[PDB]
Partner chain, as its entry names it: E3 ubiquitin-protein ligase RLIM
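A lone chain, given as structure tokens: the form solved without the partner chain.
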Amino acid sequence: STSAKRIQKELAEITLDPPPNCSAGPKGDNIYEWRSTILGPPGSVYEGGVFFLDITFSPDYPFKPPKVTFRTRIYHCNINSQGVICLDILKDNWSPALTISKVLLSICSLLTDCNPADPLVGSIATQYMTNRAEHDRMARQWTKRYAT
């Protein structure tokens, strides 16, 4: 189908050229259900953390973005306690020109540079801007606590 063929193509692509600090692929024979491992970007507050994400592709992929959620609890203004990720390209800015590699690169980028002006957890966004020192202390603590 349009969908399985696209997924198989994107799987070959990502296996050959994975994003830095990231891997991703099917959980089993069902090619629509992937898992990903992302390492906290070196130099970031998440460094040393190992984060797991679930990825579910639609039967209408690539016309609907993949559903991507953090399984691993993380302290981040764009990622909530249910692992929902506030990322334009996962919602209104998706297009069929994008790929699961580009999504995962953008999420890696998001861990490096959060978007506090477009927050999912406003309290954390406010903290990032007014008391960065403390935000970063907490992000580090949660990384060690939950992602190690």
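Positions refer to the first chain, counted from 1.
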ask   = Is the mean CA B factor in the deposited entry higher across 48 to 56 or across 92 to 100?
value = 92 to 100
query = Which wins on mean Cα temperature factor, 123 to 131 or 10 to 18?
reply = 123 to 131
request  = Tell me, please, which of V84, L105, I38, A117 has the highest C-alpha B factor according to the deposited entry?
outcome  = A117
task = For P65, return the chain-relative third of its C-alpha B-factor as stated in the PDB record: lowest, middle or highest.
result = middle
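Just so it is clear, the following notes concern the form solved in complex with the partner chain, a form of the same protein that is not shown.
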Location of the partner chain contact in the deposited bound form, chosen stretch of 77 to 85, 45 to 53, 58 to 66, 26 to 34 [non-hydrogen atom, 4.5 Å] = 58 to 66
message = Test of understanding: in the deposited bound form, would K5 fall inside 4.5 Å of the partner chain by heavy atoms?
response = yes
ask   = Quick one: is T99 in contact with the partner chain in the deposited bound form, heavy atoms, 4.5 Å cut-off?
value = yes
query = Any chance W94 has a heavy atom within 4.5 Å of the partner chain in the deposited bound form?
reply = yes
ask   = Using heavy atoms and a 4.5 Å limit, would one call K9 a contact residue for the partner chain in the deposited bound form?
value = yes
